[PDB]
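To keep things clear, I will list the structure first and then write my remarks on it.
Per chain, numbering begins at 1; letters A, B, ... match sequence-line order. In what follows, every heavy atom counts, from backbone to side chain, and hydrogens, waters and symmetry copies are set aside.
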Amino acid sequence: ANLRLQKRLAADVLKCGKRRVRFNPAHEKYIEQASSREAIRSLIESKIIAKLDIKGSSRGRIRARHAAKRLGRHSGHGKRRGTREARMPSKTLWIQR
Amino acid sequence: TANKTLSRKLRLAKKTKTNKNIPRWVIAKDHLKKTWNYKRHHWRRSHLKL
Amino acid sequence: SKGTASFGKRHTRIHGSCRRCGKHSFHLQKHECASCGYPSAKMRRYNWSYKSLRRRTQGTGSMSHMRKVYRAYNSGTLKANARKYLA
RNA sequence: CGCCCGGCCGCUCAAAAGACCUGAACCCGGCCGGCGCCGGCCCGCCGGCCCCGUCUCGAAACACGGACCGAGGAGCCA
RNA sequence: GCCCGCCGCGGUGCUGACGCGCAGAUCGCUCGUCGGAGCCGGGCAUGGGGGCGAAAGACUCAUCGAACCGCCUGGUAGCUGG
RNA sequence: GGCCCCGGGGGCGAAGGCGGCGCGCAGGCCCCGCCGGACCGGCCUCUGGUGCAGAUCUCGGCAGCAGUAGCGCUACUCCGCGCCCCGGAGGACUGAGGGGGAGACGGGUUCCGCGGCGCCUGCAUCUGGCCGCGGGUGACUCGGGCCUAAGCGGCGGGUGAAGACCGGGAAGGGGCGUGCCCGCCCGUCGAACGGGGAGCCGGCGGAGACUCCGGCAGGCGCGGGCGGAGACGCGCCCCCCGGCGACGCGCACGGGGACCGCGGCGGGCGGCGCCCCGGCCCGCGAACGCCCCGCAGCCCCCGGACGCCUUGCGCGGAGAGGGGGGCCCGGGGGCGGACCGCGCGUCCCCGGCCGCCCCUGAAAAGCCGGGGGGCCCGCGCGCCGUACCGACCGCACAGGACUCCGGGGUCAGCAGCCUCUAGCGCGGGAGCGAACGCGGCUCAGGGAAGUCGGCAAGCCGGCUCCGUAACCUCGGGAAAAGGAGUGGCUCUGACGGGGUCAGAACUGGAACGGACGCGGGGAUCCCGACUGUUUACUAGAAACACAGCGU
RNA sequence: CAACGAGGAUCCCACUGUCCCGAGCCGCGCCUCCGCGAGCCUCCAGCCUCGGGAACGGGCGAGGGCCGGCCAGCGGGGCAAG
RNA sequence: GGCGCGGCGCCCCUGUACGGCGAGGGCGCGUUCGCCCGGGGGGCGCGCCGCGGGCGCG
Ligand SMILES: [K+]
Ligand SMILES: [K+]
Ligand SMILES: [K+]
Ligand SMILES: [K+]
Ligand SMILES: [K+]
Ligand SMILES: [K+]
Ligand SMILES: [K+]
Ligand SMILES: [K+]
Ligand SMILES: [K+]
Ligand SMILES: [K+]
Ligand SMILES: [K+]
Ligand SMILES: [K+]
Ligand SMILES: [K+]
Ligand SMILES: [K+]
Ligand SMILES: [K+]
Ligand SMILES: [K+]
Ligand SMILES: [K+]
Ligand SMILES: [K+]
Ligand SMILES: [K+]
Ligand SMILES: [K+]
Ligand SMILES: [K+]
Ligand SMILES: [K+]
Ligand SMILES: [K+]
Ligand SMILES: [K+]
Ligand SMILES: [K+]
Ligand SMILES: [K+]
Ligand SMILES: [K+]
Ligand SMILES: [K+]
Ligand SMILES: [K+]
Ligand SMILES: [K+]
Ligand SMILES: [K+]
Ligand SMILES: [K+]
Ligand SMILES: [K+]
Ligand SMILES: [K+]
Ligand SMILES: [K+]
Ligand SMILES: [K+]
Ligand SMILES: [K+]
Ligand SMILES: [K+]
Ligand SMILES: [K+]
Ligand SMILES: [K+]
Ligand SMILES: [K+]
Ligand SMILES: [K+]
Ligand SMILES: [K+]
Ligand SMILES: [K+]
Ligand SMILES: [K+]
Ligand SMILES: [K+]
Ligand SMILES: [K+]
Ligand SMILES: [K+]
Ligand SMILES: [K+]
Ligand SMILES: [K+]
Ligand SMILES: [K+]
Ligand SMILES: [K+]
Ligand SMILES: [K+]
Ligand SMILES: [K+]
Ligand SMILES: [K+]
Ligand SMILES: [K+]
Ligand SMILES: [Mg+2]
Ligand SMILES: [Mg+2]
Ligand SMILES: [Mg+2]
Ligand SMILES: [Mg+2]
Ligand SMILES: [Mg+2]
Ligand SMILES: [Mg+2]
Ligand SMILES: [Mg+2]
Ligand SMILES: [Mg+2]
Ligand SMILES: [Mg+2]
Ligand SMILES: [Mg+2]
Ligand SMILES: [Mg+2]
Ligand SMILES: [Mg+2]
Ligand SMILES: [Mg+2]
Ligand SMILES: [Mg+2]
Ligand SMILES: [Mg+2]
Ligand SMILES: [Mg+2]
Ligand SMILES: [Mg+2]
Ligand SMILES: [Mg+2]
Ligand SMILES: [Mg+2]
Ligand SMILES: [Mg+2]
Ligand SMILES: [Mg+2]
Ligand SMILES: [Mg+2]
Ligand SMILES: [Mg+2]
Ligand SMILES: [Mg+2]
Ligand SMILES: [Mg+2]
Ligand SMILES: [Mg+2]
Ligand SMILES: [Mg+2]
Ligand SMILES: [Mg+2]
Ligand SMILES: [Mg+2]
Ligand SMILES: [Mg+2]
Ligand SMILES: [Mg+2]
Ligand SMILES: [Mg+2]
Ligand SMILES: [Mg+2]
Ligand SMILES: [Mg+2]
Ligand SMILES: [Mg+2]
Ligand SMILES: [Mg+2]
Ligand SMILES: [Mg+2]
């Protein structure tokens, strides 16, 4: 009824954090009897224990805004915070030319 | 410290080993009523200067 | 900030264990004991503290050799052994 | 030993003396009675009564020390 | 030994909070400085009428117009208490 | 010290305790009842640490106050018998200078597994750094041992009443093999960040790993005279001359690695009222050995000059350019060990230059070269540290406490604000919605009349363009003062695949740095030239310092 | 004396709850409840007016008031505490 | 004082919902526009009705 040991041993076998290890709540009596990495490997086999994929951050809005920005959008004077020099240094332009 | 001389390790090792209760058969053998060993110490409130 | 905050800057050992007297009194930077005086050849003893004198002196330890010599003199055979030799 | 689910009852003992001899005061809980000192009367009326110790011409003082209780506590010796 | 500004280093005003504290000096906002006489860690040196001081009689382990510890010492009091 | 008439009172109940009569002017004494369970006295003579209400008395116990005052870090909820513990589902936070992952110092067993709630865990507990019982840290290659820094010891002796303190002027030791030869005189003290011979990948455990096991290597030891025109290429010992070890700061520019993105293609997911080849996850290759390739930079050969070349410079008759070569280069490739392209940046190291100083940026062990002279196969590698922690110091605690690694969006950005990975306490909860406080918000009309005093609060603020006075040590003043524009969408032009810069139409309460971040300004007088320093804990200044000047 | 200053002063523009003159709202404390649970202080006590008095009384002389027990608030007195 | 809970109507506040269909500077894409539409959402005020609303203590 205290499963701190199995949670720590499972994240070691699966190489993830303890925050993305999930037990099937049925079969909890099975998990309680496991004390070694070998008995934990059996449960990962019979699918009693699993790991979640990491959640990302969707880049669909980022990729659309960048697509619009190569068309000339979102880039007028109301959108600029740094000076012209900080945005495109005058020395970088001189050297290229 | 994780980097200690063998001489400090040995004196620390002895304070750990002698930090014990009176055995219960000793309490029956020597007919004692004081049962606490008052030379014990605990790491949170001690100042072993060793 | 000369009080509680200043005490949080302490992570040093001024004194360590003495090889002669065993106490937490050996100055690690001056290499001298503030209790027994080591590495001096004589022991540090002061008459302005007789309480410090009684804490570590003859008798506060085992007296292992001196005990045996006295009992041999008082009631054993040692006073006879001198007469054979001193003749 | 027994009975209920720690308690009760009771066992050892001259005695619980039961985590311990005796077990005072200050302070407190339960039952029962009643609504400060001195004096007269059997008894709640009438009469009298400022907080002690101290320094001081002078203290109830808006002068200082003192919540309460116990034990210790200061002219001896050469 | 330039200017705005982050961490860092400091400590202006609110005479704000707290003031039987979170704390025997702290917290919030505001503020000085930020390539330099800049800031930080370890080792080492200087010892009490002495040290050290961009100098405030400042600092020298919560102690400084003379540190701390034991002894001389039950120091002396024409003065307060009993 | 004595007496207490057959040798004083006592378990047939001593001393003490609690109540109650009596006697004495009083200090006090005597008796009775109950408690208690072993010792105690009246009279004469002797002796003293011999009598308490007080001293901010000392030590111990303890009342009212009073069930009172009180219990920073955004946050938990439902179900599982359910506790703040554990599981599942949801909702949030820390926000890569982390409430993340690890070391140094300090602590010392706090580490791990099983059990448990007496103490502690200021509420609870079935939780736990608490309590009981078992366990736990493996090295030729990592550090310590070695070297020396600033220092500190030692030194025939010297000095002082000594303790002790001070010190080169001393017949100062080695190689061997006898016997010759050579020789001026300390430290196996002082760094777990400096110097230093050599380690990488995969796997296994409840708690250890660059240490174990398997594999692949590396280091230090021990035993069985040629080629070239040239730059250059391919055993030892002593004396002397050298080298490596071995070194500051800086804006920039260049190269590599790692990270990070976009697109393809291969495998797997999610949700799906409409749309979706538009969302998410995974596609991995070390040390070491051999071959090739390496910009700058320095060198060789021919030959004899109005050029070569950098972002900047810089270079050449003391021999440029051009043609052909050599050496260095912490790197890359191919084969071993054993999925495919293209980009802007960020961090780290390296390169060649240039700038700066009345500042010029350690030493030694160890290892090597030169000149001169004399002459493949086996075995092994000892000693010590190694668990864990901000569990450390502040009497236990919003204080104090060195370093390393550092993703995405917005953006000038290591700022603010939101977030993937990882991690999840913070002396406890519920109800009500008074005064009053503490931290916040808004206010008609007026606008400092308030107050010692504009204290506090508010106005200003990003970026682009326009426009900027007095005075001045000519450098400044200066963001002086003041103005205007700024979103979304559809497009166009410029630069050699990449962002930026410029312009236009259309459109929306008459809006646009829409949150966040972010100067109010001006005219003067006094003091000190300026940056800097200070009363740790009531004084930051006009005080100290300073360059300059003078004695 | 240009430049510089968390240095001492006077004035103006702009700005505002500083003020005329205050009003409404948010969170957290307070408040009520379950659990937990202290400090300071205390001669004895705790209603006034006048007189006398160590010349400003809770108590003393004379008058006027007053069942007893408690809460949320508050700062006149207790010559309140330190 | 047999509560209230939850509805439907009225009346108010904001300012015309999502969607469907048909104008839009431009190059099937497109901010925005018009119409259904003083609409949709909301209510702590007013009016009338599905589940319900008279214990135990002195
Ligand atoms: K483009
Ligand atoms: K260790
Ligand atoms: K400790
Ligand atoms: K402090
Ligand atoms: K010493
Ligand atoms: K007095
Ligand atoms: K006096
Ligand atoms: K007098
Ligand atoms: K008196
Ligand atoms: K008086
Ligand atoms: K009084
Ligand atoms: K007096
Ligand atoms: K007084
Ligand atoms: K008094
Ligand atoms: K700062
Ligand atoms: K305030
Ligand atoms: K502070
Ligand atoms: K600056
Ligand atoms: K010193
Ligand atoms: K001194
Ligand atoms: K002294
Ligand atoms: K003393
Ligand atoms: K002395
Ligand atoms: K005197
Ligand atoms: K005196
Ligand atoms: K006194
Ligand atoms: K109280
Ligand atoms: K347990
Ligand atoms: K002498
Ligand atoms: K000397
Ligand atoms: K050293
Ligand atoms: K070091
Ligand atoms: K070292
Ligand atoms: K070096
Ligand atoms: K040579
Ligand atoms: K280890
Ligand atoms: K309330
Ligand atoms: K009030
Ligand atoms: K004014
Ligand atoms: K202000
Ligand atoms: K625009
Ligand atoms: K000054
Ligand atoms: K400066
Ligand atoms: K001050
Ligand atoms: K100051
Ligand atoms: K200042
Ligand atoms: K000063
Ligand atoms: K000037
Ligand atoms: K200044
Ligand atoms: K200054
Ligand atoms: K100033
Ligand atoms: K109000
Ligand atoms: K009077
Ligand atoms: K009076
Ligand atoms: K009085
Ligand atoms: K008064
Ligand atoms: Mg330029
Ligand atoms: Mg101090
Ligand atoms: Mg030191
Ligand atoms: Mg008893
Ligand atoms: Mg007097
Ligand atoms: Mg006095
Ligand atoms: Mg008093
Ligand atoms: Mg007494
Ligand atoms: Mg500066
Ligand atoms: Mg600045
Ligand atoms: Mg204040
Ligand atoms: Mg004295
Ligand atoms: Mg004295
Ligand atoms: Mg006596
Ligand atoms: Mg006495
Ligand atoms: Mg007394
Ligand atoms: Mg957040
Ligand atoms: Mg544990
Ligand atoms: Mg508790
Ligand atoms: Mg090594
Ligand atoms: Mg050494
Ligand atoms: Mg090193
Ligand atoms: Mg580990
Ligand atoms: Mg160096
Ligand atoms: Mg470790
Ligand atoms: Mg107004
Ligand atoms: Mg005025
Ligand atoms: Mg006025
Ligand atoms: Mg100045
Ligand atoms: Mg300054
Ligand atoms: Mg101060
Ligand atoms: Mg100050
Ligand atoms: Mg008003
Ligand atoms: Mg009074
Ligand atoms: Mg009276
Ligand atoms: Mg008052
Ligand atoms: Mg419409």
Please pick, from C501(F), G163(F), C280(F), the nucleotide with the shortest atom-to-atom distance to any side-chain atom of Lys42(C). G163(F)

Between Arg20(A) (CZ) and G100(F) (P), how many Å, whole number? 19 Å

Does a side-chain N or O from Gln29(C) land closer than 4.0 Å to OP1 or OP2 of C44(E), or not? yes

Closest to side chain of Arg4(A), choosing from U127(F), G106(F), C131(F): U127(F)

Report the residue (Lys9(C) or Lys30(C)) whose heavy-atom-nearest nucleotide on RNA chain E is the more 5′ of the two. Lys9(C)

base_contact_polar (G423(F) base, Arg19(A) side chain, donor-acceptor, <3.5 Å): yes

Taking the side chain of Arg73(A) as its heavy atoms from C-beta onward, which of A25(E), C86(F), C489(F) lies nearest to it? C489(F)

Hey, would you call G38(H) and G39(H) stacked, ring centres under 5.5 angstrom, planes off by under 30 degrees? no

Proximal nucleotide (of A23(E), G462(F), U464(F)) relative to the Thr83(A) side chain: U464(F)

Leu12(B) near the nucleic acid: base, sugar-phosphate alone, or nothing, with a heavy-atom cut-off under 4.0 Å? base

Could you give the CG-to-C1' distance, from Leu71(A) to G30(H), as a whole number of Å? 12 Å

What about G88(F) and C78(F): are they a Watson-Crick or G-U wobble pair, with both distances under 3.5 Å? yes

Where the side chain of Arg87(A) is defined as all heavy atoms beyond and including C-beta, which of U386(F), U500(F), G87(F) is the nearest nucleotide? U500(F)

Between the base of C61(E) and the side chain of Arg10(C), is there any donor-acceptor pair under 3.5 Å? yes

Taking the inter-plane angle between the rings of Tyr46(C) and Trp48(C) on a 0 to 90° scale, is it parallel (under 30°), tilted (30 to 60°) or perpendicular (over 60°)? parallel

Do both conditions hold for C244(F) and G245(F), namely six-membered ring centres separated by less than 5.5 Å and ring planes inclined at less than 30°? yes

Identify which nucleotide among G108(F), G279(F), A45(E) has an atom closest to any side-chain atom of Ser46(B), counting heavy atoms from C-beta outward. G108(F)

Quick one: is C465(F) close enough that its OP1 or OP2 comes under 4.0 Å of any side-chain N or O from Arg84(A)? yes

Closest listed nucleotide, where the reference is the side chain of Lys33(B) and the choices are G106(F), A19(D), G514(F): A19(D)

Is the base of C73(F) stacked on the base of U74(F), in that the six-ring centres lie under 5.5 Å apart and the planes are under 30° off? no

From the list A207(F), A89(F), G106(F), which nucleotide is the closest neighbour of the side chain of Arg37(A)? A207(F)

The side chain of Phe7(C) is closest to which nucleotide in this list: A62(E), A502(F), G409(F)? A62(E)

Determine: side-chain N/O of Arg22(A) to OP1/OP2 of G87(F), distance under 4.0 Å, yes or no. no

With a cut-off of 5.5 Å for ring centres and 30° for planes, do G4(H) and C5(H) stack? yes

Does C105(F) have its OP1 or OP2 closer than 4.0 Å to a side-chain nitrogen or oxygen of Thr1(B)? yes

Considering only side-chain heavy atoms of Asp53(A), which listed nucleotide, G261(F), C130(F), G268(F), is closest? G268(F)

Given Watson-Crick or G-U pairs with both distances under 3.5 Å, what dot-bracket string fits RNA chain D, with | for other-strand pairs and [ ] for crossing? .(((.)))...........................((((((..))))))|((((........)))).|||||......

